[PDB]
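Next up is one chain by itself, shown in structure tokens, the form solved without its partner chain.
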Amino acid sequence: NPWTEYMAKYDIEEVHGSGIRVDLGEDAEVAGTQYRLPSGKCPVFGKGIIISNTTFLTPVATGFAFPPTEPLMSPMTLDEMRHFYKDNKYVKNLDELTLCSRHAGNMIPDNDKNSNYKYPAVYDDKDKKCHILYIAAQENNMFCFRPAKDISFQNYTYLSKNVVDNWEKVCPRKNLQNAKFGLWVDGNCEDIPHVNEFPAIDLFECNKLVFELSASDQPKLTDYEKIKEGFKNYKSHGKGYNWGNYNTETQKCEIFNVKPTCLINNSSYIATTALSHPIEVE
């Protein structure tokens, strides 16, 4: 199999290791109570939260984002983050996504200096702004809300505390043109044995469907049930329907849950994952 190195970044259980649609793959104590929190090692391109008319990057009421602080920690532009971490050799030069994750991970949770709980974040590529999320819950469907890849979220990236500094080398980002995921059998790349096929008028819509079916750490309202949804104020470990083959000609999205190990080079196909950018192709 000549595809082993190339295909490593699509091994989502290995490289990401947590939920995608809903990421709550770790638990951490804050002030004597254990909460769920995101722990995926890859950025999730295009993911946001749909709530109503307010947008989720609006600061929480005193939206999902950190409230106005003095000095301001969120939102913080890429330029401001690098300046802020000037004396930190090991942090100042990170790529913008990893830096955003580390910045969010330096916020103290509810005045507990002993806690391993670290807030997730969203990076906006358009404004180069890092938003720390005060609310780590991702679905409740009190706010009713759900994770999604909305067209308005196309430049957003959802970042857990664990996003690795080499994500560009080991995580999916762009979708693959002239490519259909397959399995390596008898020295040939053969079709995924079992796929579920749905209509999708373009790649974006297919990526959305794959995202809806992807690894999730909350299946789909007491205090218990609130903590179960990731509120603070069942672990997939990345197993799920994380991959799709999109036929651009027939407008069919073929979704499956077995890790692919090679590509079939078919000019009608684009290969996508739930982690992948919903539009970008290479």
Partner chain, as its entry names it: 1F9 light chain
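Between two forms, the rigid core is the largest collection of C-alphas that superpose within 1.5 Å. Residue numbers count along the first chain shown, from 1.
Averaged as a root mean square over residues and superposed structures in 5 other deposited structures of this protein, CA distances to the shown form are larger in 113 to 121; the pair compared was 166 to 174 and 113 to 121 with a core fit.
Per-stretch RMS Cα distance to the displayed form in 5 other deposited structures of this protein, following rigid core alignment, is highest for 182 to 190 when 182 to 190 and 156 to 164 are compared. Residue 237, modelled here, also has coordinates in every other compared entry of this protein that models residues flanking it, well short of the third needed to call it frequently missing. Among the other PDB entries of this protein that were compared and that flank it with modelled residues, residue 224 is left unmodelled in a third or more. The modelled chain breaks between residue 220 and residue 221, where 4 to 9 residues of the deposited sequence lack coordinates. In this entry, residue 62 is separated from residue 63 by 4 to 9 residues of the deposited sequence that have no coordinates. Of the two segments, 182 to 190 and 129 to 137, the one listed with the higher mean B-factor is 129 to 137 (C-alpha atoms only). For the pair 116 to 124 and 75 to 83, the mean B factor over Cα atoms is greater in 75 to 83. Sorting 250, 236, 245, 53 by the CA temperature factor given in the entry leaves 53 at the top. Sorting 108, 148, 171, 163 by the CA temperature factor given in the entry leaves 108 at the top. In this PDB entry, the Cα temperature factor of residue 176 sits in the bottom third of its chain's modelled residues, the lowest group.
In this PDB entry, the Cα temperature factor of residue 69 sits in the top third of its chain's modelled residues, the highest group. In this PDB entry, the Cα temperature factor of residue 254 sits in the bottom third of its chain's modelled residues, the lowest group. When the modelled residues of the chain are ordered by C-alpha B-factor, residue 90 sits in the highest third. In the PDB entry, residue 39 places in the middle third of its chain by CA B-factor.
There is another form of this protein, the form solved in complex with its partner chain, and it is not shown here; the text below is about that form.
Using a 4.5 angstroms threshold between heavy atoms, residue 122 stays clear of its partner chain in the deposited complex.
Interface residue remark: residue 129 is counted as part of the site for its partner chain in the deposited complex, having a heavy atom within 4.5 Å. Proximity of residue 165 to its partner chain in the deposited complex: non-hydrogen atoms within 4.5 Å are absent; the residue sits far from the partner. By the criterion of a heavy atom within 4.5 Å, residue 171 is excluded from the residues contacting its partner chain in the deposited complex.
In the deposited complex, the residues of 74 to 104 lying within 4.5 Å of its partner chain by at least one heavy atom are, in order, 76, 77, 79, 80, 82, 83, 86, 87.
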